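Asker: Fold the following.
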Amino acid sequence: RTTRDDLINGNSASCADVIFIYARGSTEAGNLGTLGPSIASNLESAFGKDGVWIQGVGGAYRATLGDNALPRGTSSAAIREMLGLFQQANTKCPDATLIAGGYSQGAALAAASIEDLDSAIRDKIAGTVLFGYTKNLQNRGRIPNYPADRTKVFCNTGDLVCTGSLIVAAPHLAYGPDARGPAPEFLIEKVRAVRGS
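Answerer: Residues are numbered from 1 along each chain as shown. You can find the structure just below:
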C-alpha cells in the first residue's frame, strides 16, 4: 500500500470530492512511505473509496536525505513536482476539496509547495498535517501564506528536527500513533467544516 496514484490515474468524469496529496520522508519507500498508508485507510473509511483520491508525491521527488540541507529543506525539482500535482488536481477536479500532508523532508516540501502555490488553489486546501516538521523552528510552526487554523503540526519532544537541527533521533521515528488517529481526525474535521455532510 506504499504507492497511490489516484489523482494521476483518476477519471476526470468521476472526480472524487476530496483529494489528498502527501509527501513522504527521506529514504522512504513508494510515494507514501511509512505514515501515508495509515492516513489513507482512515480517510477512505470516512469518505468511502470513491469519495477520496489518495496521491503520493513521486516522480522527481526522490526523498534524498542530503537535500534536507538545501535552502528550503528539499530540492527545487521536488517542489516543482508537488506544485504540479496541486495544479493537476485543480484542473482535473475543480470542485474537489484538497487536503495535504508530509513527514520530515516531505513536511518541508509540503510547506514550500503551499507557500509558492497560486492563491486560488492554495485556498482550496482545507487542512494540512505536518509530522517531524524540519522547518518548525524557522517558520515558527506555520506554513508561509497559509492559515494557522488549517495547519496541524506533530512535533515530538526530543525530535531535534523540530528545534532547528538536522539530527535524526528516536522521537523522529515515532509518529505512527499520530498518523493512525489525530492526523486523519484533523483532516476529516477540516473537510466536513467546509463541505458539511
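Asker: roughly how far out does stretch 133-152 sit from the chain middle?
Answerer: The chain centre lies 13 Å from the centre of stretch 133-152; the measure is C-alpha atoms, centre = their mean, to the nearest Å.
Asker: List the contacts of that stretch.
Answerer: With contacts defined as C-beta atoms under 8 Å, 6 or more residues apart in numbering, stretch 133-152 is touched by 68, 73, 104-105, 107-108, 110-111, 114-115, 119, 122, 125-130, 153-155, 161-164, 166, 182-183, 186, 190. No exception for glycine: its C-beta is placed from N, CA and C like everyone else's.
Asker: Out of these, which sit inside helices?
Answerer: Counting by DSSP state H, the part of these found in helices is 105, 107-108, 110-111, 114-115, 119, 122, 182-183, 186, 190.
Asker: Give me the PyMOL select line for the residues you listed, limited to the buried ones.
Answerer: Per 16 or more other C-beta atoms under 10 Å, the buried members of these correspond to this PyMOL selection:
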select buried, resi 105+107+108+110+111+114+115+122+183+186+190
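Asker: of all the ones in helices among the contacts of stretch 133-152, which two lie farthest apart?
Answerer: 119 and 182 (28.2 Å; C-beta to C-beta).
Asker: wait, what's in contact with the most centrally placed residue in the chain?
Answerer: Taking C-alpha atoms, centre = their mean, the centroid of the chain lies closest to residue 101, which sits 1.7 Å from it. With contact set as C-beta under 8 Å, 6+ apart, residue 101 has these partners: 20-23, 36, 39, 107, 110, 128-131, 183, 187.
Asker: change it to 10 Å
Answerer: By C-beta atoms under 10 Å, 6 or more residues apart in numbering, the contact set of residue 101 is 20-24, 35-36, 39, 107, 110, 127-131, 152, 154, 179, 183-184, 186-187.
Asker: ok but it is inside a strand, no?
Answerer: Yes - applying DSSP: H, G, I helix; E, B strand; the rest coil, one finds residue 101 inside a strand.
Asker: if we can go back for a sec, list only those of the contacts of residue 101 flagged as buried.
Answerer: Buried by 16+ other C-beta under 10 Å: 20-24, 35-36, 39, 107, 110, 127-131, 152, 154, 179, 183-184, 186-187, out of the contacts of residue 101.
Asker: Now, those residues that are in strands?
Answerer: Using DSSP state E, the members of the buried ones among the contacts of residue 101 that fall in strands are 20, 21, 22, 23, 127, 128, 129, 130, 131, 152, 154.
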